[PDB]
Every structure is written in C-alpha cells, then in structure tokens.
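Following: one structure in structure tokens, then a few remarks.
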Amino acid sequence: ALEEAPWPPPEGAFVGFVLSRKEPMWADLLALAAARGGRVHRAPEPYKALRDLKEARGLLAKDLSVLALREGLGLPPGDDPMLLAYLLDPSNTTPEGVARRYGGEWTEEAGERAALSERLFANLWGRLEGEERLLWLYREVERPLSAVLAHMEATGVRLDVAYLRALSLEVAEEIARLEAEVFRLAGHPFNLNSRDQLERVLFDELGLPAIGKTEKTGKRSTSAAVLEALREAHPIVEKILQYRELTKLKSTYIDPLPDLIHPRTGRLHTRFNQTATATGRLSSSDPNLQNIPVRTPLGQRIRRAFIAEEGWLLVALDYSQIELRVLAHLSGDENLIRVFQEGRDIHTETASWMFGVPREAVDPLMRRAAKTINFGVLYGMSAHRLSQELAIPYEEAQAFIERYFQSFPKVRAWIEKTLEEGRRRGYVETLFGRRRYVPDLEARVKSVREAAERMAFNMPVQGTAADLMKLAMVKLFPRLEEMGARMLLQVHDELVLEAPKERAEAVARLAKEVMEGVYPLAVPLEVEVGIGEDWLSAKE
DNA sequence: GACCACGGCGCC
DNA sequence: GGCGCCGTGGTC
Ligand SMILES: Cc1ccc2c(=S)n([C@H]3C[C@H](O)[C@@H](COP(=O)(O)OP(=O)(O)OP(=O)(O)O)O3)ccc2c1
Ligand SMILES: Cc1ccc2c(=S)n([C@H]3C[C@H](O)[C@@H](COP(=O)(O)OP(=O)(O)OP(=O)(O)O)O3)ccc2c1
Ligand SMILES: [Mg+2]
Ligand SMILES: [Mg+2]
Ligand SMILES: [Mg+2]
Ligand SMILES: [Mg+2]
Ligand SMILES: [Mg+2]
C-alpha cells in the first residue's frame, strides 16, 4: 500500500515504534517509523532518528516520549488514537482491541504501527468530531495530560534502598518466628503460602468451621475476613493473619522495589496508564506506586522509604473527602452541600459514631476506618454486609444505612435518575461528559443487573473526581516547571511533588490553590497538604 | 522460561 | 466501586 520513502518524515507524521519490552524507561528502542501522505519512512538507526522528531504522534505516544526524555530529548507526546478511543468508550484499553475495532491490526513492525496510527486516528477523529464534550476532554485534558505523565514517568521518585534491604532482614526473621509457631500449632510443616494446603489444615485437620467459599472454584475460603472471624476459635489464626500481613508487604514491596532502581537515574519509575480504567481514573504499574502501604506500622516503615532528593522536600497534596463533595454537586442535595459549606468532616463524625467517642476523640486510624463505612454504604453495600464489618447487629447495621439516605434525600433521586438515564442511553457520564457504557443495566438476572447498577452510579462520582484531578494536573504542571519543582506521582486524589527546600512552602501553597480552584462546584474543594523528607512525613 | 486462573490483598 | 501484583498450582 504505502510508498517507502527515506527517513526523515515530514512534520506532523504519525510514528510507529517497537520496544524490547513494555516499560519505556527500561526498553531498548528496536525500530522506529513514521507515516504521512501515503508514505512510510523507516529510521535506519532508531535512536539517532529520534532526534528528527518534533512531537510523538501516534498510538502509545507517551511511551515513546518517556523513552525520548530518558535519552535527554524533549519530545512531547501529541495526538494518540488510544486516547480518542478511550474517550469514545473506556473499554478501549489496548492497541490490539482498538486496532481491531477501528480499522487495522496491531503488529510488531514499526512501519505498520506508523501506518496504523495514521489510519486509526483518521477514523477515530471522525467518530469523535460530533461529540463536543468528549472533544473538550481530549483537547483540554487527555492530550495535554499525556505530556505531564511522560515527565512524571521519566522523572521517577527516589527510594531509600539501603533502608529497605536492612528492613528485609528484620522482617524475614519475624516471618520465620510466625511460620515456626504456625507449624508447631498445626502439628507439622506445610507451605503456609499455599491457601489450598492452609484450607486443609484449618478445616480438615484442626476442624475449624468453614465460613465462606471462594467465587470461581468453591473452595473453603481462608481470606482475612474468614480468619478475622475465627480469631477466637484457635490460636493458629492470629499467627496466620500476622504471617499474611508480613509476607504480603515483604513480597510486594520490600524485596522487589530495591531491584527496580534505574541505573541512569538512581530512581524508581512507574508507568501511569491513561487508558486502563472504566471510570477515567489513571492506573499505575511496573511497579504500581499507587498502592504503597500506609495502614499498618510495617506499611508505614515502607512508605518512609520514598524520599526527596538531597536538598529537596516531598510535598503531598490530598483532596478532602473528594467524592462525597462531587456527589454533593452532582445530586444537588442541600443537606450534603450544607455539610461542606459549613466546613464539616463526615468521616470524623462517622468515626466518632462508630467508635462511640467525641468528635475530638477520633484519630487517623479511626477516621480511616470510617471511610470504609461511608463509601461502603453510598456505593450500595447491604445491611447484612455492614453488620459483618462493624461488627454490630443487623437492624442496627440496617438503621445506619437508612438514616444515612434520609439525611441526604436527593442522593437517592440522583441515583435513580442516573440509572434510568443509563438504561435508556446505554451509558452514564461524568460532570464533563466522560462516558461509561453499562449494558447490563437491563440484565434479567438480578445480581448481574444490581452489580451493573452499582458500577453505573459509581462512575459519575469516581470519574468526575478523576476528571477534576487530571485537569488540576494539567493546570498545575506548567506552574511547577517555572518554579523548578517536579510532579512525581498521582494517587487518584493525591499528588506528590518534589521541590527545592527553599521553595517547598511556596510550592505547597501554589499547588493547593490550583487544586482547590480547578473547577468551582456548589461546594468548596479542600486540599490537605504536607511537606517532608519522606512520603510518610509529608502527610500531612 | 512464559503464560494462565485463582485466591488473596495492597491502595484510592 | 476502581485498580495491579503476589505465590500457587497449573500448562506448554
Ligand atoms: C476500603 C475502601 C473502600 C472504598 C474506598 C473508596 S470508594 N475510596 C474513594 C472515595 C474517596 O473519596 C477517594 C479518595 O480516597 P481517600 O482515602 O483520600 O478518601 P477521602 O474521602 O478523600 O478522605 P480524606 O479526607 O482524604 O481522608 O477514593 C477510597 C477509599 C476506599 C477504601
Ligand atoms: C494564591 C494564594 C497565595 C498565598 C495564600 C496564603 S499565604 N494564604 C494564607 C494567608 C492566611 O494566613 C491564611 C488564610 O487562609 P485560610 O483561612 O483558608 O487558611 P488555609 O491555609 O488556606 O487553610 P484552608 O486549607 O483554606 O482551610 O492562608 C491563603 C491563601 C493564599 C492564596
Ligand atoms: Mg483524600
Ligand atoms: Mg487520598
Ligand atoms: Mg484557603
Ligand atoms: Mg486546611
Ligand atoms: Mg483477579
């Protein structure tokens, strides 16, 4: 089809490119091509050829930009058909799916990926041209956001490696203590990491009562909720829970992270995936830095490993009760809006209620526990479920969920309106028009339909929170450039920045105001902001 | 070696 | 409700 022409391509060409591996910060650039005007240009030597580009324009453009930045080239990402397709329908998450759906095949040759990007973009641009609000999201949010994300990915975050190695040894010894005891109590050794072998010991050998079954294969479950409930039944249970906590943290964070330090940067480099969720949230992978531990004491020691560069500080910014505020705006509920206009704190109140203590008797772990309840109920957990969580009697767990929606009456009407409109149009949308298609709203099996309903009415809330954060990042990022600060991480409703010591305070201020004023709702948005040498200390 | 489903669980 | 990653038990 396309005519072969010598590198370099004309300006505005679409790029195709092949990596030795998926992570742009670790990949070798194996091949690079560009397509325009019925021509394909194949770069004789990919790395040198990178220099001739003014923009990365095509499928997965941000990945190439990150690699370009890694090599010291300011090559910003531009148009990316993935972003167009993701906006049309957030189930469009892979180039293979998007290719197949919108006019090509995702292959392993850079020239074909180049030609593909050009074709897909033409086709998707057509599909998105009529959709004014999706077009605004692309232009004002997703396209610029992709540039911000490239810089974040290429920058990475410093990690205290020596600290984590030493931590590992401490935790290994405690783990051996726990497994030794568990084996003594079981009467014999087994693979304590195997939930199948654990199930036999707990339920066949020790004769403990099985409480629940696993979803797919119907095994007797050994999950934390099951064990939690058997705490009093046998002393092996508590020891297992402790074993589970430590091994989770050692296997997921303490051991892998030090091995992932980039040799050029001396830092850790996540990937921020922009077309990965049903709701418009970002995701993070390879490594995932959006689930760094924070709840338990050992989790906090791990979070402490994320530190500022020498002479710099971390600045951590976290939206306050973000999705409950979004809900207030979307529902128009006067009581809920009133709560936020009065500067109240719903998690502290629930926490006060939960633990039965003064408003001023709530600490960061009571409050945190109060989050599960508020978001749990709002997004439709059943009274029975809440009984088990507290754990308080039914009807007491049922009375909380009734007084919860009686205090906030328009929330229900918004939920019912959203669902009705979802059945009719086949999708729900955020405040800015981001869509999620939810076809099962009309399923004839109740539990499928009702799962679909929960996904459907959650998406405008979670997704709008996500729109706001992305737009905040887009506005904030060029202000930071000017001040010499760096944006390092996004964690859904939180940003972590790195700033020179002497500028940290002005940077915290600036970021807080940009985030709070990103898009005035019927309620104020508030941001908690902390500064410190490590991530744990920067909160807040 | 790579990949898979699963159970399980870390965060928002 | 939304994610991504772990080890096990597998297959290939
Ligand atoms: C166990 C469980 C189950 C569901 C959820 C759900 S759905 N979220 C959703 C709702 C949150 O708004 C948003 C940001 O989370 P954050 O922890 O910052 O909460 P916040 O309300 O902003 O409080 P803050 O004032 O910052 O302390 O993510 C969070 C945790 C969670 C945990
Ligand atoms: C753009 C720009 C630049 C600088 C500033 C500075 S310096 N301030 C300082 C001056 C006053 O001492 C104080 C009053 O504000 P408020 O009562 O809100 O306190 P807060 O810290 O904002 O708490 P909050 O999170 O809002 O609850 O904040 C405020 C806004 C501002 C905006
Ligand atoms: Mg928050
Ligand atoms: Mg947060
Ligand atoms: Mg203020
Ligand atoms: Mg404040
Ligand atoms: Mg799974």
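Here is the naming used below: chain letters follow the sequence lines, and residue numbers restart at 1 for every chain.
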When we call it a touch if two heavy atoms are under 4.0 Å apart, what does [X] touch: a base, just sugar-phosphate, or nothing?
X: A:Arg436; answer: sugar-phosphate
X: A:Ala278; answer: sugar-phosphate
X: A:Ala224; answer: sugar-phosphate

Round to the nearest Å and state the distance from [X] atom [atom1] to [N] atom [atom2].
X: A:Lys213; N: B:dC6; atom1: NZ; atom2: P; value: 17 Å
X: A:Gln490; N: C:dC3; atom1: CD; atom2: P; value: 14 Å
X: A:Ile254; N: B:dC9; atom1: CD1; atom2: P; value: 17 Å
X: A:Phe272; N: C:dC3; atom1: CZ; atom2: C1'; value: 13 Å
X: A:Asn288; N: C:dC3; atom1: CG; atom2: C1'; value: 7 Å
X: A:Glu199; N: C:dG7; atom1: CD; atom2: P; value: 21 Å
X: A:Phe190; N: C:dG7; atom1: CZ; atom2: P; value: 18 Å
X: A:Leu536; N: B:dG10; atom1: CG; atom2: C1'; value: 16 Å

Select one nucleotide: of [options], the one nearest the side-chain heavy atoms of [X].
X: A:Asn291; options: B:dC6, C:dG4, C:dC6; result: C:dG4
X: A:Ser251; options: C:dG1, C:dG7, B:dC11; result: C:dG7
X: A:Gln197; options: C:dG2, C:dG9, C:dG7; result: C:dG9
X: A:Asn191; options: C:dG4, B:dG8, C:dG9; result: C:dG9
X: A:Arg195; options: C:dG4, C:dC6, B:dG8; result: B:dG8
X: A:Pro256; options: C:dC6, B:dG8, B:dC11; result: C:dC6
X: A:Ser283; options: B:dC11, C:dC5, C:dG4; result: C:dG4
X: A:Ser285; options: B:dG8, C:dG4, C:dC6; result: C:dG4
X: A:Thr214; options: B:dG10, B:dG7, C:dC3; result: B:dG7
X: A:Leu249; options: B:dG10, C:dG2, C:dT8; result: B:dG10

The answer to which of A:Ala451 and A:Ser194 contacts DNA chain C further toward the 5' end, by nearest nucleotide, is A:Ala451

Ignoring backbone atoms, test whether [X] places a side-chain nitrogen or oxygen under 4.0 Å from the OP1 or OP2 oxygen of [N].
X: A:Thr222; N: B:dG8; value: yes
X: A:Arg281; N: C:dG2; value: no
X: A:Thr217; N: B:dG7; value: yes

Run A:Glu199 and A:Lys219 through salt bridge (charged side-chain N to carboxylate O under 4.0 Å, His left out) and show every step you take. CA-CA 8 Å; A:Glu199 175 190 356; A:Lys219 265 109 79 183; over 6 Å; no

Exceeds 12 heavy-atom contacts within 6.0 angstrom, atom CZ of A:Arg100: no

When you look at A:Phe272 and A:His151, which way does the ring pair (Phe, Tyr, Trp, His ring centres under 6.0 Å) test go after all the steps? CA-CA 11 Å; A:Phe272 289 103; A:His151 279 291; over 10 Å; no

Among residues 229-248 of chain A, which ones have heavy-atom contacts with DNA chain B below 4.0 Å? A:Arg244, A:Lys248

Residue pair A:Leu314 / A:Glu498: nearest heavy atoms and the distance that separates them: CD2-CG, 4.1 Å

Looking only at heavy atoms, what is the nearest atom pair of A:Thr252 and A:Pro256, with distance? O-CG, 3.4 Å

North (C3'-endo side) or south (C2'-endo side) for B:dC9 via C1'-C2'-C3'-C4': south

Among A:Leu476, A:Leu497, A:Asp493, A:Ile531, find the one that has a side-chain contact (heavy atoms from CB on, under 4.5 Å) with A:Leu317. A:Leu497

Rounded distance (nearest 0.5 Å) linking atom CG of A:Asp333 with atom CZ of A:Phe405: 11.0 Å

Quick one: list whatever passes salt bridge (charged side-chain N to carboxylate O under 4.0 Å, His left out) with A:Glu153, sequence neighbours left out. A:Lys62

Using modelled atom types only, decide if a donor and an acceptor are shared between the side chain of A:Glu205 and the backbone of A:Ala186 within a distance under 3.5 Å. no

